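Spelled out from the first residue to the last, the chains are:
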Amino acid sequence: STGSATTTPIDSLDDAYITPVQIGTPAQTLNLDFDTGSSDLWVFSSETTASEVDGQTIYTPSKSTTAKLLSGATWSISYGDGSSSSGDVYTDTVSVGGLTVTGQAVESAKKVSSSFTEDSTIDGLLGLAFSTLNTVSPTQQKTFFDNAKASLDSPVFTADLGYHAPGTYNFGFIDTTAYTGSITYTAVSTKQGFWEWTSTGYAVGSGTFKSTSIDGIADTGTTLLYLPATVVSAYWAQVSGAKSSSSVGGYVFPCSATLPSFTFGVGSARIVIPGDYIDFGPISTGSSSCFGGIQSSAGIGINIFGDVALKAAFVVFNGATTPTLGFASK
């Protein structure tokens with residue numbers, strides 16, 4: 001089997017991407033944030049505290065003939081941005097782009113933090129990291145991908161995120177028309193539960209490539225590219241007037257600037273992030289200070305190849321017995 005679903009930016013900045021997902025019988029379609037940095041499939045629901053729902057579409061398990069309470073199971077998750085959610089668990093049929101999993105754990109939110117409530121476009125998350133990170137207790141649950149894997153033509157999914165445009169998540173096949181040149185594969189460590197890999201270095205603009213190992217995670221659920229302070233300083237030093245602002249929470253630059261590209265290494269291959277991808281616009285409406293899309297990972301504890309980086313590539317998440325990651329230009 002295979003699946004193929006279009007993923008769409010939630011706003012003009014590509015802050016996140018939503019993908020329609022069919023849950024239950026008859027289908028209830030919710031728009032979920034596919035997150036390769038976490039491992040819970042959770043949804044706004046008929047159980048979510050009413051004051052914490054503001055425009056989201058909710059899953060109502062009582063209206064699904066295939067929903068079953070997973071008795072005694074609870075979940076609670078905190079994300080890197082400080083947001084959080086928790087609740088109880090149903091099993092139900094879940095389909096993505098024509099690919100169906102029966103008995104999927106669908107984590108129903110009883111509580112969500114402010115950032116979730118305030119984002120009316122995101123009806124929940126669909127985790128695509130390794131199932132070892134799943135938060136369901138006392139019986140940990142599998143991700144949608146883990147459940148689908150045995151039925152898939154090939155044990156893979158791909159992320160093809162657009163810049164200011166829709167893109168695609170495919171399950172079970174590699175669309176050879178969706179990228180240019182060849183795919184370069186690189187080793188993954190699952191030790192921390194993430195799609196963790198080591199970039200071979202970077203370049204700023206037309207500068208020389210610096211060969212250096214950068215361990216980080218491929219995380220579709222993080223907007224920006226978070227890298228070591230040395231790397232980030234080298235990038236922003238090439239933008240006149242750019243500076244790190246403690247008050248704003250990172251590097252800012254004059255909105256009048258033209259940003260250089262940023263290249264990262266994948267083995268001997270090179271992925272180029274155009275300068276425009278690194279512009280996250282005014283820090284507040286009407287400001288002439290713009291927020292940067294490359295930020296320091298210092299104090300996160302991990303480097304994160306988020307959407308800024310991933311959207312510059314066609315990315316293969318190979319979930320074979322020995323997992324790997326592939327990157328191609330597109």
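Regarding how it was determined, this PDB entry cites X-ray crystallography in its header, along with a resolution of 1.1190 Å.

Participant: Help me get a handle on the UniProt feature "disulfide bond" in the protein chain, residues and values and all.
Facilitator: The sulfur-sulfur separation between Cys 255 and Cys 290, a disulfide according to UniProt, is 2.0 Å, below the 2.5 Å limit, so the bridge is formed here. Here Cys 255, found in the loop between β16 (250-254) and β17 (262-266), pairs with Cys 290, found in strand β20 (residues 289-292); they are 35 residues apart in sequence, far enough to count as distant.

Participant: Please provide a residue-by-residue account of the state of the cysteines, values included.
Facilitator: Across all of its chains, the model carries one disulfide by this definition. The disulfide partner of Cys 255 is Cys 290, and the S-S distance across this bridge is 2.0 Å. One disulfide, between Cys 255 and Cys 290, carries an S-S torsion of 105 degrees and so falls in the right-handed class. Relative accessible area serves as the criterion here: at 4%, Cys 290 is assigned to the buried category.

Participant: Before we move on, could you go through the packing of aromatic side chains and cite the residues and values that matter?
Facilitator: Overall, the coordinates contain 25 aromatic pairs when judged by the stated rule. Ring geometry for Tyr 163 and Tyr 277: centres 4.3 Å apart, planes at 15 degrees, overall stacked. One end of the pair, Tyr 163, is in the loop between β9 (156-160) and β10 (167-171); the other, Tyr 277, is in the loop between β18 (269-273) and β19 (279-282), with 114 residues separating them in the sequence. In this structure, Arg 270 is placed above the aromatic ring of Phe 209, and the distance from its NZ or CZ to the ring centre is 3.6 Å. One cation-aromatic arrangement involves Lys 311 over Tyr 277; the distance from NZ or CZ to the ring centre is 5.7 Å.

Participant: Could you give an account of the layout of surface pockets, naming the residues involved and the relevant values?
Facilitator: What the largest pocket holds in volume is close to 1100 Å³. Lining the largest pocket are 38 residues, with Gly 80, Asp 81, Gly 221, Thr 222 and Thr 223 sitting closest to its centre. Among the secondary structure elements, those contributing two or more residues to the lining of the largest pocket are β3 (28-35), β5 (68-78) and α1 (114-118). Here the lining of the largest pocket is built from residues that sort into 18 nonpolar, 11 polar and nine charged.

Criteria and cut-off values
- Residues numbered from 1 in each chain as written, not as in the entry; some residues may be left out.
- Heavy atoms only, no water.
- Residues with missing side-chain atoms left out of burial classes, pairs and counts.
- Disulfide = S-S within 2.5 Å.
- UniProt positions renumbered as here; feature names shortened; annotations may be inferred.
- Helix = DSSP H or I, 4+ residues; strand = E, 2+ residues; numbered from the N terminus.
- Buried < 20%, exposed > 50% of the residue type's maximum accessible area, 1.4 Å probe, protein only.
- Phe/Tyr/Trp six-rings, centres within 6.5 Å; stacked < 30°, edge-to-face > 60°.
- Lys NZ or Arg CZ within 6 Å of the ring centre and 35° of its normal.
- 1 Å grid on protein atoms, 1.4 Å probe; cavity = no way out; pocket = protein on both sides within 12 Å on 5 of 7 lines; lining within 4 Å.
- Points joined across faces, edges and corners; volume = space filled by probe spheres on them.
- Nonpolar A, V, L, I, M, F, W, Y, C, P; charged D, E, K, R; others polar.

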